[PDB]
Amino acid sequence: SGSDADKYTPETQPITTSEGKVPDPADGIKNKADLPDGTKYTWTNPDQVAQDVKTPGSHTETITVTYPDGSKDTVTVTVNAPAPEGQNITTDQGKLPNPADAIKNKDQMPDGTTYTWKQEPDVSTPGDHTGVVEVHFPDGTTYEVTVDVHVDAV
């Protein structure tokens, strides 16, 4: 059509965000310098990206690229919100750790997130065990994390 949208090819790159924060959609475009001066970048669905960033995962979002000729291109980008990550821990035979100890990035979870054992590791037996930590978000959602617990013989 001879439009800018037909001429240019915006390339996306994954966006990593922090808990609940929507970034500038321009952050999702790898080759902004390729595009005309004054090209605009907009979250195509602001409500969706706002809700998606409040939960762990790699979420598919769309960015609208508005060109100076009035044409537009809507591209797909990943927005990554942190998930609770397990870390290996060690405990004495018989002792069940605080489940929070088995989560490596508690600081990346929403303020007020708490932790339980959904499935406790069997600490009465020395050796390597897995347990499941339940991550309890303030908004009432939860996340299960399989974690490794080494039990030292006593």
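One-based numbering along the sequence shown.
Per-stretch averaging of Cα B factors for 131 to 139 and 14 to 22 places 14 to 22 on top. Higher mean CA temperature factor between 4 to 12 and 144 to 152: 4 to 12, per the PDB entry.
Of the candidates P99, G86, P121, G38, it is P121 whose Cα B-factor is highest according to the PDB record.
Taking only the listed residues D27, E61, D69, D107, the entry reports the highest CA temperature factor at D107. Per-chain ranking of the deposited C-alpha B factor places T91 in the lowest third. When all modelled residues of the chain are sorted by CA temperature factor, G57 is found within the lowest third. Looking at the C-alpha B-factors along this chain, the one for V75 belongs to the highest third. In this PDB entry, the Cα temperature factor of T42 sits in the bottom third of its chain's modelled residues, the lowest group. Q48: CA B factor lies in the highest third for its chain, per the PDB record.
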